[PDB]
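Here's start_35.csv, which has CSV, N, CA and C atoms:
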chain,number,residue,atom,x,y,z
V,1,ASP,N,154.8,-18.7,91.1
V,1,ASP,CA,156.0,-19.1,91.8
V,1,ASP,C,156.9,-17.8,91.9
V,2,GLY,N,157.6,-17.7,93.1
V,2,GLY,CA,158.5,-16.7,93.3
V,2,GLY,C,159.7,-16.8,92.4
V,3,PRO,N,160.5,-15.7,92.2
V,3,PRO,CA,161.7,-15.8,91.4
V,3,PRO,C,162.7,-16.7,92.0
V,4,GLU,N,162.8,-16.8,93.3
V,4,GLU,CA,163.8,-17.6,93.9
V,4,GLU,C,163.6,-19.1,93.7
V,5,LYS,N,162.3,-19.5,93.9
V,5,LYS,CA,162.0,-20.9,93.7
V,5,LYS,C,162.3,-21.3,92.2
V,6,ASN,N,161.9,-20.5,91.3
V,6,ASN,CA,162.2,-20.8,89.9
V,6,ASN,C,163.7,-20.8,89.6
V,7,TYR,N,164.4,-19.8,90.3
V,7,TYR,CA,165.8,-19.7,90.1
V,7,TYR,C,166.5,-20.9,90.6
V,8,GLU,N,166.3,-21.3,91.8
V,8,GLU,CA,167.0,-22.5,92.4
V,8,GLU,C,166.4,-23.8,91.9
V,9,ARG,N,165.2,-23.9,91.5
V,9,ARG,CA,164.7,-25.0,90.8
V,9,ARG,C,165.4,-25.2,89.5
V,10,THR,N,165.8,-24.1,88.8
V,10,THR,CA,166.6,-24.2,87.6
V,10,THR,C,168.0,-24.7,87.8
V,11,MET,N,168.6,-24.3,88.9
V,11,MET,CA,169.9,-24.9,89.3
V,11,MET,C,169.8,-26.4,89.5
V,12,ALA,N,168.7,-26.8,90.2
V,12,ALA,CA,168.6,-28.3,90.3
V,12,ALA,C,168.4,-29.0,89.0
V,13,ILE,N,167.6,-28.4,88.1
V,13,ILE,CA,167.5,-29.0,86.7
V,13,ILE,C,168.8,-29.0,86.0
V,14,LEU,N,169.5,-27.9,86.1
V,14,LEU,CA,170.8,-27.8,85.3
V,14,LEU,C,171.8,-28.8,85.9
V,15,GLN,N,171.8,-29.0,87.2
V,15,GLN,CA,172.8,-30.0,87.7
V,15,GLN,C,172.5,-31.4,87.2
V,16,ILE,N,171.3,-31.8,87.2
V,16,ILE,CA,171.0,-33.1,86.7
V,16,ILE,C,171.3,-33.3,85.2
V,17,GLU,N,171.0,-32.3,84.4
V,17,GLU,CA,171.2,-32.4,83.0
V,17,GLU,C,172.7,-32.3,82.7
V,18,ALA,N,173.5,-31.6,83.5
V,18,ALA,CA,174.9,-31.6,83.3
V,18,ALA,C,175.6,-32.9,83.7
V,19,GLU,N,175.1,-33.5,84.8
V,19,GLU,CA,175.6,-34.8,85.2
V,19,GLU,C,175.3,-35.9,84.2
V,20,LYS,N,174.1,-35.8,83.6
V,20,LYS,CA,173.7,-36.7,82.5
V,20,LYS,C,174.6,-36.5,81.3
V,21,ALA,N,174.9,-35.2,81.0
V,21,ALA,CA,175.7,-34.9,79.8
V,21,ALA,C,177.1,-35.5,80.0
V,22,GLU,N,177.7,-35.3,81.1
V,22,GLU,CA,179.1,-35.7,81.3
V,22,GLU,C,179.2,-37.2,81.2
V,23,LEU,N,178.2,-37.9,81.8
V,23,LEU,CA,178.2,-39.4,81.7
V,23,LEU,C,178.0,-39.9,80.3
V,24,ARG,N,177.2,-39.2,79.5
V,24,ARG,CA,177.0,-39.6,78.1
V,24,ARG,C,178.3,-39.6,77.3
V,25,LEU,N,179.1,-38.5,77.6
V,25,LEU,CA,180.4,-38.4,76.9
V,25,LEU,C,181.4,-39.5,77.4
V,26,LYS,N,181.4,-39.7,78.7
V,26,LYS,CA,182.3,-40.7,79.2
V,26,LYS,C,181.9,-42.1,78.7
V,27,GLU,N,180.6,-42.4,78.6
V,27,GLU,CA,180.2,-43.7,78.1
V,27,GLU,C,180.7,-44.0,76.7
V,28,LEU,N,180.6,-42.9,75.8
V,28,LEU,CA,181.1,-43.1,74.5
V,28,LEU,C,182.6,-43.3,74.4
V,29,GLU,N,183.4,-42.6,75.3
V,29,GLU,CA,184.8,-42.9,75.3
V,29,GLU,C,185.1,-44.3,75.9
V,30,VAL,N,184.4,-44.7,76.9
V,30,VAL,CA,184.6,-46.0,77.5
V,30,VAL,C,184.3,-47.1,76.4
V,31,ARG,N,183.2,-46.9,75.7
V,31,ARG,CA,182.9,-47.9,74.6
V,31,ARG,C,183.9,-47.9,73.5
V,32,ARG,N,184.5,-46.7,73.3
V,32,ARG,CA,185.5,-46.6,72.3
V,32,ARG,C,186.7,-47.5,72.7
V,33,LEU,N,187.1,-47.5,73.9
V,33,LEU,CA,188.3,-48.2,74.4
V,33,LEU,C,188.0,-49.6,74.6
V,34,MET,N,186.8,-50.0,75.2
V,34,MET,CA,186.5,-51.4,75.4
V,34,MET,C,186.5,-52.2,74.1
V,35,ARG,N,185.9,-51.6,73.1
V,35,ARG,CA,185.7,-52.3,71.8
V,35,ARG,C,187.1,-52.4,71.1
V,36,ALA,N,187.9,-51.3,71.2
V,36,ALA,CA,189.2,-51.4,70.5
V,36,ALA,C,190.2,-52.3,71.2
V,37,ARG,N,190.1,-52.4,72.5
V,37,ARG,CA,191.1,-53.2,73.2
V,37,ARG,C,190.6,-54.5,73.8
V,38,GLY,N,189.3,-54.7,74.0
V,38,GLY,CA,188.8,-55.9,74.4
V,38,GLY,C,189.1,-56.3,75.8
V,39,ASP,N,189.4,-55.4,76.7
V,39,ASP,CA,189.8,-55.7,78.0
V,39,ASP,C,188.8,-55.3,79.1
V,40,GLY,N,187.5,-55.2,78.7
V,40,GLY,CA,186.5,-54.8,79.6
V,40,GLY,C,185.3,-55.7,79.5
V,41,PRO,N,184.3,-55.5,80.3
V,41,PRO,CA,183.1,-56.4,80.3
V,41,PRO,C,182.4,-56.4,79.0
V,42,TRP,N,182.4,-55.3,78.3
V,42,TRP,CA,181.6,-55.1,77.1
V,42,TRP,C,182.4,-55.6,75.9
V,43,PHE,N,181.7,-56.0,74.8
V,43,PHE,CA,182.4,-56.5,73.6
V,43,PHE,C,183.2,-57.7,74.0
V,44,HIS,N,182.8,-58.5,75.0
V,44,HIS,CA,183.5,-59.7,75.4
V,44,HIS,C,183.0,-60.9,74.7
V,45,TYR,N,183.5,-61.1,73.5
V,45,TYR,CA,183.1,-62.2,72.7
V,45,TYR,C,183.6,-63.6,73.2
V,46,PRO,N,182.8,-64.6,73.1
V,46,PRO,CA,183.2,-65.9,73.8
V,46,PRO,C,184.3,-66.6,73.1
V,47,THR,N,185.2,-67.2,73.9
V,47,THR,CA,186.2,-68.2,73.5
V,47,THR,C,185.8,-69.5,74.1
V,48,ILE,N,186.4,-70.6,73.6
V,48,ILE,CA,186.1,-71.9,74.1
V,48,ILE,C,186.4,-72.1,75.5
V,49,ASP,N,185.5,-72.7,76.2
V,49,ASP,CA,185.6,-73.0,77.7
V,49,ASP,C,186.6,-74.1,77.9
V,50,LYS,N,187.7,-73.8,78.6
V,50,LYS,CA,188.8,-74.8,78.8
V,50,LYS,C,188.3,-75.9,79.7
V,51,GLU,N,187.2,-75.8,80.4
V,51,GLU,CA,186.7,-76.9,81.2
V,51,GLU,C,186.2,-78.1,80.3
V,52,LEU,N,186.1,-77.9,79.0
V,52,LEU,CA,185.8,-79.0,78.2
V,52,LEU,C,187.0,-79.9,77.9
V,53,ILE,N,188.2,-79.5,78.2
V,53,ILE,CA,189.4,-80.3,77.9
V,53,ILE,C,189.5,-81.5,78.9
V,54,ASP,N,189.8,-82.6,78.3
V,54,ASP,CA,190.1,-83.8,79.1
V,54,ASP,C,191.6,-84.0,79.3
V,55,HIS,N,192.1,-84.0,80.5
V,55,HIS,CA,193.5,-84.2,80.9
V,55,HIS,C,193.9,-85.6,81.3
V,56,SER,N,193.0,-86.5,81.2
V,56,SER,CA,193.3,-87.9,81.6
V,56,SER,C,194.3,-88.4,80.6
V,57,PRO,N,195.2,-89.4,81.1
V,57,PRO,CA,196.2,-90.0,80.2
V,57,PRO,C,195.5,-90.6,79.0
V,58,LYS,N,196.0,-90.4,77.8
V,58,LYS,CA,195.4,-90.8,76.6
V,58,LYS,C,196.0,-92.2,76.2
V,59,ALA,N,195.4,-92.8,75.1
V,59,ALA,CA,195.8,-94.1,74.6
V,59,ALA,C,197.3,-94.0,74.2
V,60,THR,N,197.8,-92.9,73.7
V,60,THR,CA,199.1,-92.7,73.3
V,60,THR,C,199.8,-91.6,74.2
V,61,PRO,N,201.1,-91.6,74.3
V,61,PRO,CA,201.7,-90.7,75.3
V,61,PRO,C,202.1,-89.3,74.7
V,62,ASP,N,201.9,-89.0,73.5
V,62,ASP,CA,202.3,-87.7,72.9
V,62,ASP,C,201.1,-86.9,72.6
V,63,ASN,N,200.6,-86.1,73.6
V,63,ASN,CA,199.4,-85.3,73.4
V,63,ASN,C,199.1,-84.5,74.6
Z,1,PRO,N,212.1,-71.1,62.9
Z,1,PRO,CA,212.0,-70.9,64.3
Z,1,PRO,C,212.6,-71.9,65.2
Z,2,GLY,N,213.9,-72.0,65.3
Z,2,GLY,CA,214.6,-72.9,66.1
Z,2,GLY,C,214.7,-74.3,65.5
Z,3,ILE,N,215.9,-74.8,65.5
Z,3,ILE,CA,216.1,-76.2,65.0
Z,3,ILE,C,215.7,-77.2,66.0
Z,4,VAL,N,215.4,-78.4,65.5
Z,4,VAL,CA,214.9,-79.5,66.4
Z,4,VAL,C,216.1,-80.3,66.8
Z,5,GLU,N,216.3,-80.4,68.1
Z,5,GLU,CA,217.4,-81.3,68.6
Z,5,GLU,C,217.0,-82.8,68.3
Z,6,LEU,N,218.0,-83.5,67.9
Z,6,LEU,CA,217.9,-85.0,67.7
Z,6,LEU,C,219.1,-85.7,68.3
Z,7,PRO,N,218.9,-86.9,68.9
Z,7,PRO,CA,220.0,-87.6,69.4
Z,7,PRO,C,220.9,-88.1,68.2
Z,8,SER,N,222.2,-88.3,68.5
Z,8,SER,CA,223.1,-88.9,67.5
Z,8,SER,C,222.7,-90.4,67.3
Z,9,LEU,N,223.1,-90.9,66.1
Z,9,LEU,CA,222.9,-92.3,65.9
Z,9,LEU,C,223.4,-93.2,67.0
Z,10,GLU,N,224.7,-92.9,67.4
Z,10,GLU,CA,225.3,-93.6,68.5
Z,10,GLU,C,224.4,-93.6,69.8
Z,11,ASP,N,223.7,-92.5,70.0
Z,11,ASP,CA,222.9,-92.3,71.2
Z,11,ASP,C,221.7,-93.3,71.1
Z,12,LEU,N,221.2,-93.6,69.9
Z,12,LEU,CA,220.1,-94.5,69.7
Z,12,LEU,C,220.5,-96.0,69.5
Z,13,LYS,N,221.8,-96.3,69.6
Z,13,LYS,CA,222.2,-97.6,69.3
Z,13,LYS,C,222.0,-98.5,70.5
Z,14,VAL,N,221.2,-99.6,70.4
Z,14,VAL,CA,220.9,-100.5,71.4
Z,14,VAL,C,220.9,-101.9,70.8
Z,15,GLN,N,221.0,-102.9,71.7
Z,15,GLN,CA,220.9,-104.3,71.3
Z,15,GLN,C,219.4,-104.7,71.2
Z,16,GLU,N,218.9,-104.8,70.0
Z,16,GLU,CA,217.4,-105.0,69.8
Z,16,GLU,C,217.1,-106.5,70.1
Z,17,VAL,N,215.8,-106.7,70.3
Z,17,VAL,CA,215.2,-108.0,70.5
Z,17,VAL,C,214.7,-108.4,69.2
Z,18,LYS,N,215.4,-109.4,68.5
Z,18,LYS,CA,215.1,-109.8,67.2
Z,18,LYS,C,214.3,-111.1,67.2
Z,19,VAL,N,213.1,-111.1,67.8
Z,19,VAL,CA,212.2,-112.3,67.8
Z,19,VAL,C,210.9,-111.8,67.2
Z,20,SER,N,210.2,-112.8,66.6
Z,20,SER,CA,209.0,-112.5,65.9
Z,20,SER,C,207.8,-112.3,66.9
Z,21,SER,N,206.7,-111.7,66.4
Z,21,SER,CA,205.6,-111.4,67.2
Z,21,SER,C,205.0,-112.7,67.9
Z,22,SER,N,205.1,-113.8,67.2
Z,22,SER,CA,204.6,-115.0,67.9
Z,22,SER,C,205.5,-115.4,69.0
Z,23,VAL,N,206.8,-115.2,69.0
Z,23,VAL,CA,207.6,-115.4,70.1
Z,23,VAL,C,207.3,-114.4,71.3
Z,24,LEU,N,207.0,-113.2,70.9
Z,24,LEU,CA,206.6,-112.2,72.0
Z,24,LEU,C,205.3,-112.6,72.6
Z,25,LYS,N,204.4,-113.0,71.8
Z,25,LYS,CA,203.0,-113.4,72.3
Z,25,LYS,C,203.1,-114.6,73.2
Z,26,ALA,N,203.9,-115.6,72.8
Z,26,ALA,CA,204.1,-116.8,73.7
Z,26,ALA,C,204.7,-116.4,75.0
Z,27,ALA,N,205.6,-115.5,75.1
Z,27,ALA,CA,206.3,-115.1,76.3
Z,27,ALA,C,205.6,-113.9,77.0
Z,28,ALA,N,204.6,-113.3,76.4
Z,28,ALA,CA,204.1,-112.0,76.8
Z,28,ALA,C,203.6,-112.1,78.3
Z,29,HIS,N,202.9,-113.1,78.7
Z,29,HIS,CA,202.3,-113.2,80.0
Z,29,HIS,C,203.4,-113.2,81.1
Z,30,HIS,N,204.4,-114.1,80.9
Z,30,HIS,CA,205.5,-114.2,81.8
Z,30,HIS,C,206.4,-112.9,81.7
Z,31,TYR,N,206.6,-112.4,80.5
Z,31,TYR,CA,207.4,-111.2,80.3
Z,31,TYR,C,206.8,-110.0,81.0
Z,32,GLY,N,205.5,-109.9,81.0
Z,32,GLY,CA,204.9,-108.8,81.8
Z,32,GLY,C,205.2,-108.9,83.3
Z,33,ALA,N,205.2,-110.2,83.7
Z,33,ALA,CA,205.4,-110.4,85.2
Z,33,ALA,C,206.9,-110.2,85.6
Z,34,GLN,N,207.8,-110.6,84.7
Z,34,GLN,CA,209.2,-110.6,85.1
Z,34,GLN,C,209.9,-109.3,84.9
Z,35,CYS,N,209.4,-108.5,83.9
Z,35,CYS,CA,210.0,-107.2,83.5
Z,35,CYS,C,209.1,-106.0,83.8
Z,36,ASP,N,208.1,-106.1,84.7
Z,36,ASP,CA,207.2,-105.1,85.0
Z,36,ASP,C,207.9,-103.8,85.4
Z,37,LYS,N,209.0,-103.9,86.1
Z,37,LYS,CA,209.6,-102.7,86.8
Z,37,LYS,C,210.2,-101.8,85.8
Z,38,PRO,N,211.2,-102.2,85.0
Z,38,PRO,CA,211.8,-101.2,84.0
Z,38,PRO,C,210.7,-100.9,82.9
Z,39,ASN,N,209.8,-101.8,82.7
Z,39,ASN,CA,208.7,-101.5,81.7
Z,39,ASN,C,207.9,-100.4,82.2
Z,40,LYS,N,207.4,-100.5,83.4
Z,40,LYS,CA,206.5,-99.4,84.0
Z,40,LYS,C,207.2,-98.1,84.2
Z,41,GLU,N,208.5,-98.2,84.6
Z,41,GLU,CA,209.3,-97.0,84.7
Z,41,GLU,C,209.4,-96.3,83.3
Z,42,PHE,N,209.6,-97.1,82.3
Z,42,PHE,CA,209.7,-96.4,80.9
Z,42,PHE,C,208.3,-95.9,80.5
Z,43,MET,N,207.3,-96.6,80.8
Z,43,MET,CA,205.9,-96.1,80.4
Z,43,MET,C,205.6,-94.8,81.2
Z,44,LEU,N,205.9,-94.8,82.5
Z,44,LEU,CA,205.7,-93.6,83.3
Z,44,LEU,C,206.4,-92.5,82.7
Z,45,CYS,N,207.6,-92.7,82.2
Z,45,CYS,CA,208.4,-91.6,81.7
Z,45,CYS,C,207.9,-91.1,80.4
Z,46,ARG,N,207.3,-91.9,79.5
Z,46,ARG,CA,206.8,-91.5,78.3
Z,46,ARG,C,205.5,-90.6,78.5
Z,47,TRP,N,204.6,-91.1,79.3
Z,47,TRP,CA,203.3,-90.4,79.5
Z,47,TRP,C,203.6,-89.1,80.3
Z,48,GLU,N,204.7,-89.0,81.0
Z,48,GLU,CA,205.0,-87.8,81.7
Z,48,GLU,C,205.8,-86.8,80.8
Z,49,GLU,N,206.9,-87.3,80.2
Z,49,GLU,CA,207.7,-86.4,79.4
Z,49,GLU,C,207.0,-86.0,78.1
Z,50,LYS,N,206.2,-86.9,77.5
Z,50,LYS,CA,205.6,-86.6,76.2
Z,50,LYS,C,206.6,-86.3,75.2
Z,51,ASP,N,207.7,-87.0,75.2
Z,51,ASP,CA,208.9,-86.7,74.4
Z,51,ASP,C,209.7,-88.0,74.2
Z,52,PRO,N,209.8,-88.6,73.0
Z,52,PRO,CA,210.6,-89.8,72.8
Z,52,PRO,C,212.1,-89.5,73.1
Z,53,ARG,N,212.5,-88.3,73.0
Z,53,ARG,CA,213.9,-88.0,73.2
Z,53,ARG,C,214.3,-87.9,74.7
Z,54,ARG,N,213.3,-87.8,75.5
Z,54,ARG,CA,213.6,-87.6,77.0
Z,54,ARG,C,213.4,-88.9,77.7
Z,55,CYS,N,213.3,-90.1,77.0
Z,55,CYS,CA,213.1,-91.4,77.6
Z,55,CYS,C,214.0,-92.4,77.0
Z,56,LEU,N,215.1,-92.0,76.3
Z,56,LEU,CA,215.9,-93.0,75.6
Z,56,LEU,C,216.6,-93.9,76.6
Z,57,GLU,N,217.2,-93.4,77.7
Z,57,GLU,CA,217.9,-94.2,78.6
Z,57,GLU,C,216.9,-95.2,79.3

Go through the file and emit its structure as structure tokens.
Amino acid sequence: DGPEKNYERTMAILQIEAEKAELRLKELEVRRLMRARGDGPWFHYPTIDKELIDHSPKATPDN
Amino acid sequence: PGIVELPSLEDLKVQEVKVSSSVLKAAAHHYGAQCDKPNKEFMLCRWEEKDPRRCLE
């Protein structure tokens, strides 16, 4: 292979590995904030579904 | 965390119906027919307000 092909092939390799590296660090930071604050799709632990509540008038009036 | 409002004793003072349950049961069928309006108004208020203090009148 010529030096240019190897040279520019290396730039292509470096670009991909640097884009993967930046995303790996961002993912760790995003996971740090999602887990600590609970305001994202991840670490979304379930709470009771309010569709289970019955709102029909009850036998007594205070409820 | 905040005191609970209560009506005054004079606010709760009314002329009660002092007849026994057998008297009520004997008159219940006619009583439901003749007094349905204020009765249903009061029941509608209780199930809406969910508050005995908001239905005294």

From atom C of residue Z:5 to atom CA of residue Z:52 the spacing works out at 10.5 Å

Please report, as CSV, each residue of chain Z lying at most 6.5 Å from chain V, together with the nearest pair of atoms and the separation in Å rounded to one decimal; use only N, CA and C atoms, and order rows by chain and ascending residue number.
residue,atom,partner,partner_atom,distance
Z:46,C,V:61,CA,5.0
Z:47,CA,V:61,CA,4.5
Z:50,CA,V:61,C,4.7
Z:51,N,V:62,CA,5.9

Can you check which residues of chain V DSSP gives as alpha helix (DSSP H) on the backbone and send them as a ChimeraX atom specification?
-> /V:3-37

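Across the structure, atom CA of residue V:56 and atom C of residue Z:28 are spaced 26.5 Å apart.
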
Gap from atom N of residue Z:25 to atom C of residue Z:55 - Å, one decimal =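 We find that atom N of residue Z:25 and atom C of residue Z:55 lie 23.3 Å from each other.
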
Edge lengths and centre in Å, axis-aligned, stretch 10-18 of chain V plus 5 Å each side, as AutoDock Vina command-line options:
--center_x 170.7 --center_y -28.7 --center_z 86.5 --size_x 19.8 --size_y 19.2 --size_z 17.6

Output requested as a PDB file, in the coordinates of the input - stretch 31-51 of chain V, filled out with N, CA, C and O atoms.
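Result file follows (out39.pdb):
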ATOM      1  N   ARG V  31     183.200 -46.900  75.700  1.00  0.00           N
ATOM      2  CA  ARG V  31     182.900 -47.900  74.600  1.00  0.00           C
ATOM      3  C   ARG V  31     183.900 -47.900  73.500  1.00  0.00           C
ATOM      4  O   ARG V  31     184.128 -48.871  72.862  1.00  0.00           O
ATOM      5  N   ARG V  32     184.500 -46.700  73.300  1.00  0.00           N
ATOM      6  CA  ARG V  32     185.500 -46.600  72.300  1.00  0.00           C
ATOM      7  C   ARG V  32     186.700 -47.500  72.700  1.00  0.00           C
ATOM      8  O   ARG V  32     187.350 -48.112  71.796  1.00  0.00           O
ATOM      9  N   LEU V  33     187.100 -47.500  73.900  1.00  0.00           N
ATOM     10  CA  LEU V  33     188.300 -48.200  74.400  1.00  0.00           C
ATOM     11  C   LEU V  33     188.000 -49.600  74.600  1.00  0.00           C
ATOM     12  O   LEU V  33     188.856 -50.500  74.364  1.00  0.00           O
ATOM     13  N   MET V  34     186.800 -50.000  75.200  1.00  0.00           N
ATOM     14  CA  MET V  34     186.500 -51.400  75.400  1.00  0.00           C
ATOM     15  C   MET V  34     186.500 -52.200  74.100  1.00  0.00           C
ATOM     16  O   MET V  34     186.971 -53.276  74.030  1.00  0.00           O
ATOM     17  N   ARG V  35     185.900 -51.600  73.100  1.00  0.00           N
ATOM     18  CA  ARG V  35     185.700 -52.300  71.800  1.00  0.00           C
ATOM     19  C   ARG V  35     187.100 -52.400  71.100  1.00  0.00           C
ATOM     20  O   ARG V  35     187.356 -53.373  70.413  1.00  0.00           O
ATOM     21  N   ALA V  36     187.900 -51.300  71.200  1.00  0.00           N
ATOM     22  CA  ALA V  36     189.200 -51.400  70.500  1.00  0.00           C
ATOM     23  C   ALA V  36     190.200 -52.300  71.200  1.00  0.00           C
ATOM     24  O   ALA V  36     191.052 -52.859  70.483  1.00  0.00           O
ATOM     25  N   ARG V  37     190.100 -52.400  72.500  1.00  0.00           N
ATOM     26  CA  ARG V  37     191.100 -53.200  73.200  1.00  0.00           C
ATOM     27  C   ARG V  37     190.600 -54.500  73.800  1.00  0.00           C
ATOM     28  O   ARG V  37     191.452 -55.396  73.982  1.00  0.00           O
ATOM     29  N   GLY V  38     189.300 -54.700  74.000  1.00  0.00           N
ATOM     30  CA  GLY V  38     188.800 -55.900  74.400  1.00  0.00           C
ATOM     31  C   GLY V  38     189.100 -56.300  75.800  1.00  0.00           C
ATOM     32  O   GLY V  38     189.081 -57.532  76.083  1.00  0.00           O
ATOM     33  N   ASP V  39     189.400 -55.400  76.700  1.00  0.00           N
ATOM     34  CA  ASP V  39     189.800 -55.700  78.000  1.00  0.00           C
ATOM     35  C   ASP V  39     188.800 -55.300  79.100  1.00  0.00           C
ATOM     36  O   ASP V  39     189.147 -55.081  80.219  1.00  0.00           O
ATOM     37  N   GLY V  40     187.500 -55.200  78.700  1.00  0.00           N
ATOM     38  CA  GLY V  40     186.500 -54.800  79.600  1.00  0.00           C
ATOM     39  C   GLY V  40     185.300 -55.700  79.500  1.00  0.00           C
ATOM     40  O   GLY V  40     185.254 -56.664  78.656  1.00  0.00           O
ATOM     41  N   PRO V  41     184.300 -55.500  80.300  1.00  0.00           N
ATOM     42  CA  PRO V  41     183.100 -56.400  80.300  1.00  0.00           C
ATOM     43  C   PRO V  41     182.400 -56.400  79.000  1.00  0.00           C
ATOM     44  O   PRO V  41     181.729 -57.383  78.667  1.00  0.00           O
ATOM     45  N   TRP V  42     182.400 -55.300  78.300  1.00  0.00           N
ATOM     46  CA  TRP V  42     181.600 -55.100  77.100  1.00  0.00           C
ATOM     47  C   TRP V  42     182.400 -55.600  75.900  1.00  0.00           C
ATOM     48  O   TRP V  42     183.641 -55.705  75.944  1.00  0.00           O
ATOM     49  N   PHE V  43     181.700 -56.000  74.800  1.00  0.00           N
ATOM     50  CA  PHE V  43     182.400 -56.500  73.600  1.00  0.00           C
ATOM     51  C   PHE V  43     183.200 -57.700  74.000  1.00  0.00           C
ATOM     52  O   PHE V  43     184.251 -57.949  73.350  1.00  0.00           O
ATOM     53  N   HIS V  44     182.800 -58.500  75.000  1.00  0.00           N
ATOM     54  CA  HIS V  44     183.500 -59.700  75.400  1.00  0.00           C
ATOM     55  C   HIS V  44     183.000 -60.900  74.700  1.00  0.00           C
ATOM     56  O   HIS V  44     182.054 -61.542  75.116  1.00  0.00           O
ATOM     57  N   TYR V  45     183.500 -61.100  73.500  1.00  0.00           N
ATOM     58  CA  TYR V  45     183.100 -62.200  72.700  1.00  0.00           C
ATOM     59  C   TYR V  45     183.600 -63.600  73.200  1.00  0.00           C
ATOM     60  O   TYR V  45     184.724 -63.634  73.715  1.00  0.00           O
ATOM     61  N   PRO V  46     182.800 -64.600  73.100  1.00  0.00           N
ATOM     62  CA  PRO V  46     183.200 -65.900  73.800  1.00  0.00           C
ATOM     63  C   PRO V  46     184.300 -66.600  73.100  1.00  0.00           C
ATOM     64  O   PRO V  46     184.394 -66.664  71.878  1.00  0.00           O
ATOM     65  N   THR V  47     185.200 -67.200  73.900  1.00  0.00           N
ATOM     66  CA  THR V  47     186.200 -68.200  73.500  1.00  0.00           C
ATOM     67  C   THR V  47     185.800 -69.500  74.100  1.00  0.00           C
ATOM     68  O   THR V  47     184.994 -69.630  75.030  1.00  0.00           O
ATOM     69  N   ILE V  48     186.400 -70.600  73.600  1.00  0.00           N
ATOM     70  CA  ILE V  48     186.100 -71.900  74.100  1.00  0.00           C
ATOM     71  C   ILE V  48     186.400 -72.100  75.500  1.00  0.00           C
ATOM     72  O   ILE V  48     187.418 -71.611  76.033  1.00  0.00           O
ATOM     73  N   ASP V  49     185.500 -72.700  76.200  1.00  0.00           N
ATOM     74  CA  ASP V  49     185.600 -73.000  77.700  1.00  0.00           C
ATOM     75  C   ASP V  49     186.600 -74.100  77.900  1.00  0.00           C
ATOM     76  O   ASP V  49     186.438 -75.208  77.420  1.00  0.00           O
ATOM     77  N   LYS V  50     187.700 -73.800  78.600  1.00  0.00           N
ATOM     78  CA  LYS V  50     188.800 -74.800  78.800  1.00  0.00           C
ATOM     79  C   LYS V  50     188.300 -75.900  79.700  1.00  0.00           C
ATOM     80  O   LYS V  50     189.002 -76.945  79.773  1.00  0.00           O
ATOM     81  N   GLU V  51     187.200 -75.800  80.400  1.00  0.00           N
ATOM     82  CA  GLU V  51     186.700 -76.900  81.200  1.00  0.00           C
ATOM     83  C   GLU V  51     186.200 -78.100  80.300  1.00  0.00           C
ATOM     84  O   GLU V  51     186.033 -79.167  80.894  1.00  0.00           O
TER      85      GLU V  51
END
